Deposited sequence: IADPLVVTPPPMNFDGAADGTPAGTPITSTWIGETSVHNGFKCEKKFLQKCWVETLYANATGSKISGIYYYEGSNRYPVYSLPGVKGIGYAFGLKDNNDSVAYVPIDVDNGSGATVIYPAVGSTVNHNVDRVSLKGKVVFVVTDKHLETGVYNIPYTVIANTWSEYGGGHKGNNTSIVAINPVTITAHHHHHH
């Protein structure tokens, strides 16, 4: 079974602005699920997680990115919203695993990652995500932006051993408001 990962950013206030300006000074809405993907063993058998994949569902905005260190994150448009987009981080919730961009250079391996635990006793991977919103129109209107519930990735598993079937799941952004002055 797999639990959806729904990141929950807090309300934002933005006081202006070139495209690519982040709405907040760092990432927000960090959220994690204990049971990201868990394989269900058949009776008297053993199962483990071999690989997890994430496919970002959004449309990239050409030429706009979110930078952290040597990492360059794509920025996507938000269905229903003009002038604000998002970047996101998604990873194995292992303390040895860093956040790095997916969907760069269709789907992306997210497990194993560098630092992940990998053995036949890993029947469960926990997942963690976060988001940042980015100005994409240099003429962003002032007012109240209501970001709708937005699925941002579909995810799925490849399990090993004797299991009851692979899972699919999602990553989504919970609705949030950005007040632009």
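Missing from the model relative to the deposited sequence are positions 17 to 20, 110 to 112, 189 to 193 (no C-alpha coordinates, numbering from 1).
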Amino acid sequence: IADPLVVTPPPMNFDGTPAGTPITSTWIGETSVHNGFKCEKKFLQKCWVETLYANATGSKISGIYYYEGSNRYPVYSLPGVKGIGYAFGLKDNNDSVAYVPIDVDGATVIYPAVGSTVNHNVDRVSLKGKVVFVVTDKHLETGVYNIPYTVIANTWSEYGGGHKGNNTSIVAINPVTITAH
From here on, numbers count along this sequence of modelled residues.
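The PDB entry records a higher mean C-alpha B factor for 131 to 139 than for its counterpart among 131 to 139 and 149 to 157. Between 140 to 148 and 109 to 117, it is 140 to 148 that carries the larger average Cα temperature factor according to the deposited entry. The PDB entry gives the largest Cα B-factor of the residues 43, 37, 67, 27 to 43. The residue among 97, 75, 90, 81 whose C-alpha carries the highest B-factor in the deposited model is 81. In the PDB entry, a CA B factor belonging to the middle third of its chain's modelled residues is recorded for residue 57. When the CA B factors of the chain's modelled residues are split into thirds, the value for residue 11 lands in the middle one. Sort the chain's modelled residues by C-alpha temperature factor and residue 19 lands in the highest third, per the entry. Among all modelled residues in its chain, residue 5 ranks in the lowest third by Cα B-factor.
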